[PDB]
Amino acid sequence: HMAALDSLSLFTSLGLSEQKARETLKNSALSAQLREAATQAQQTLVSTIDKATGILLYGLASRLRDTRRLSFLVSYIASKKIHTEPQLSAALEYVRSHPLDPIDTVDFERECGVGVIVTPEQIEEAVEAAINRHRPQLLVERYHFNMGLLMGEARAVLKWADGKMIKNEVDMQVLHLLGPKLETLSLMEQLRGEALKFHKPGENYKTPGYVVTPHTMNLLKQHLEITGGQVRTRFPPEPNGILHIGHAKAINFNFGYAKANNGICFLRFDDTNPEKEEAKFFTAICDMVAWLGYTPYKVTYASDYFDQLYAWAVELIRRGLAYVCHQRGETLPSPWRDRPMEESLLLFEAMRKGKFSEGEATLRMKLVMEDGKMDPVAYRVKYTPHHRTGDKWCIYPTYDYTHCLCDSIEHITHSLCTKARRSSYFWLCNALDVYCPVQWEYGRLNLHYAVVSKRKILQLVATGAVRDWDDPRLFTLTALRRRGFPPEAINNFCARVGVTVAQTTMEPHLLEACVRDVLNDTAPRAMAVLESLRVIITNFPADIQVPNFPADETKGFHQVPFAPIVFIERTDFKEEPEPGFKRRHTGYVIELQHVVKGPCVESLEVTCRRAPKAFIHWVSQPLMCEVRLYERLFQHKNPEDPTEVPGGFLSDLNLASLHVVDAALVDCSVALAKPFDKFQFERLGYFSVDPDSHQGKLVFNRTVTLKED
């Protein structure tokens, strides 16, 4: 096939510049082995040879002096067992070193790092390391610093990593530090930029609605100097907000899109409005971010940008596109929108110097919107002290104004939100000739039987309907963690639906379907029961082996008490042995050799057995501990917002609520357990160490059953 080419044609098809191919075909001997090397390779390779694989054969051909060994080494570069330059340079040694004719495969493979895989984190941290080690010098010489050292020290740690991959990590991490030089399926295949038809960075000008102004090209030029063409996303919650399961699509999209595309995601707190701080929720937001597996590249506040927003707001006024208004709240046309410009500067200053009462004056943009709204407000006057900038500001930018220009300041590439007013986004940035991000709207998400407004929720916790806001029948993220859901479950959940055109409301049992698939492989098994009666064998002989989990005993086994006086549930031989029942899950069938009674069924007696009625759960020498039982909080497992028109979202409080099993009987393995540990309690359900457990007192939470009707 390929062995049929003119060499100049053959060489270029292996990935050599035409320049270096003219070079090479002057070399009769090199050129000879390169054709022979490629011939062999092709015969193994089948699908025409990749260029990258070609540069490997070219090195091989041009350095192998042994040449008894060519047919050998080529086999290792056809199957891409050798596929990096230091691997190739490794084998080039091993073969120069051993002229021994028969070469050990395993000695060879191991000393070239064949099965050896190197990870982006591993390189990231190697470079990180080198940077820190030089940070002072780096900061001062800026781009004059010899970047060679970094790749050196980086290479020093990672013997078998791609040289280009290391450069690109260096190049990136340096630009972060220096700044600019001024001279279903799986989720991160689902979130590949290519699999969404989202623009490559810098190429905003290919998206629907994007306005190309006369600066847009020089603006995108500057943009790429700042960002190295990297994807940048942001996730912008309220510092006092309360994340629910909706926000899981938000988190997974924004951090995950960045992850799947080698990018970064800023946790940008929206603190434009001045409030007193409640650290309860604030830490719980960073926590929940963490909990689902994501780490913000940087954590930032909108208040960080107040100076910048104000400067830009002043430009708006000068540019005739914004004015100071004296209309109040609650759309009537404003008497002031054509007031002279110098009149607006004067008044915006006065606003800033705190000369107007809250709402006596406002800055608005001079504009009518796609949906008819006139002159949206940019700045409001607020005198409540602000948690970060203190009392420095008494005027504040509005949410719409802000997170559009914050995106621009942070040089966001993909600005992802929930449906909208996108031509009004674009308007602002083009108004100031600043860089202009691309906005994509994805579909909202709200589950049935779920009410999540922080006000509506702090209503329940302030009646006793729920214990606190991590109460396991709330669908807040912090509650589902407490309830017992594992992170991966929620992530895999969005990996079942999670596209843009959703606006899909969803039934709760559909998620717990995922929680089972995850706990059935991760949660270990122990025996216990709630309404537990005491029973005795006839007379056995005076510690059994309960495995890790049934479907594979390849983990371990926990010892569990084997002696007289074991316990079991109700829902058993209840004297009147009606139709539909059965006889243990370990030991014997325990011949029921004697029955008892009460005034009730006070207790029972049995007999041993060995070597078939059924198998139930049991606990010999058990531990005493609480187990909380939860039921779907609302009567209507559909919206409690009056689509049903119950005329009250608080009437729908379904008096089912929580059934407390007090200290009941449980196994021995569940003793070293710390909070947020998950278990399958044989033949009951899935339970999780509640945060209030400790060695002294143990408490558990019922996550979900093992099927439905």
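In this text, residue numbers run from 1 along the sequence as written.
Can you count, per the entry, how many deposited residues between residue 576 and residue 577 come without coordinates? Answer none, 1 to 3, 4 to 9, or 10 or more. Nothing is missing.
Deposited but uncoordinated residues in the residue 599/residue 600 interval: According to the record, 1 to 3 deposited residues lack coordinates from residue 599 to residue 600.
As stated in the PDB record, which stretch has the larger average Cα B-factor, 475-483 or 132-140? Averaged over C-alpha atoms, the B-factors run higher in 475-483.
Identify the stretch, either 31-39 or 655-663, whose C-alpha atoms have the larger mean B-factor according to the entry. For C-alpha atoms only, the mean B-factor is higher in 655-663.
Largest Cα B-factor, entry values, listed residues 286, 127, 589, 302: Highest C-alpha B-factor among the listed residues goes to 589.
Between 214, 115, 397, 102, let me know which has the highest C-alpha B-factor in the entry? Answer, based on the entry's C-alpha B-factors: 102.
Tell me, lowest, middle or highest third: where does the Cα B factor of residue 491 rank within its chain? Tercile = middle for this residue's CA B-factor.
Give the position of residue 4 by CA B-factor within its chain, expressed as the lowest, middle or highest third. As the PDB entry reports it, the C-alpha B-factor of residue 4 lands in the lowest third of its chain.
Consider only the C-alpha atoms of the modelled residues in this chain, order them by B-factor as the entry records it, and name the third containing residue 507: lowest, middle or highest. Residue 507: CA B-factor falls in the highest third of its chain.
How does the C-alpha B factor of residue 54 compare with the rest of the chain: lowest, middle or highest third? Within its chain, residue 54 is a middle-third residue by C-alpha B-factor, going by the deposited values.
What third of the chain, by the recorded C-alpha B-factor, contains residue 18? According to the entry, residue 18 has a C-alpha B-factor in the chain's middle third.
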